[PDB]
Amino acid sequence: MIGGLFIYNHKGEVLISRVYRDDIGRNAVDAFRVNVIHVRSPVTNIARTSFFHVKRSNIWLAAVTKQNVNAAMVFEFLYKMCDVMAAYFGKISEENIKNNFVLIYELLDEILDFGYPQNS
């Protein structure tokens, strides 16, 4: 349902990567890095791959898929993610995300399964 969720700092480096579907053309992170990070709408279509994104403090939190999906659902899912880590760290920024690796990966594991948003 949802391809992946990736988080980048303002420089462009990829803080967090998780791919739910292994139909990955692996320049997707590079696509968002070169096309959007380094545009005019939250949803951008890059080679039949839709990209949604949000920006907290200066960090980028983006979701990716090729299927046709509920846009409000995935955007409010990004909002749920941002709220969860704003409760878990108090401030979404480079160091707060960088210092907690497995916590973010295993909390995200419970939130959604194979691109399907679960509930705790």
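Note that residue numbering begins at 1 and tracks the sequence as displayed.
According to the record, the deposited sequence contains no missing residues between residue 26 and residue 27, so the chain is continuous there.
Among the modelled residues of the chain, residue 21 sits in the highest third by CA temperature factor in this PDB entry.
Compared with the other modelled residues of the chain, the Cα B-factor recorded for residue 38 ranks in the highest third. Residue-level temperature factors show residue 49 in the middle third of its chain, judged at the C-alpha atom. In this PDB entry, residue 15 carries a Cα temperature factor that places it within the middle third of its chain's modelled residues.
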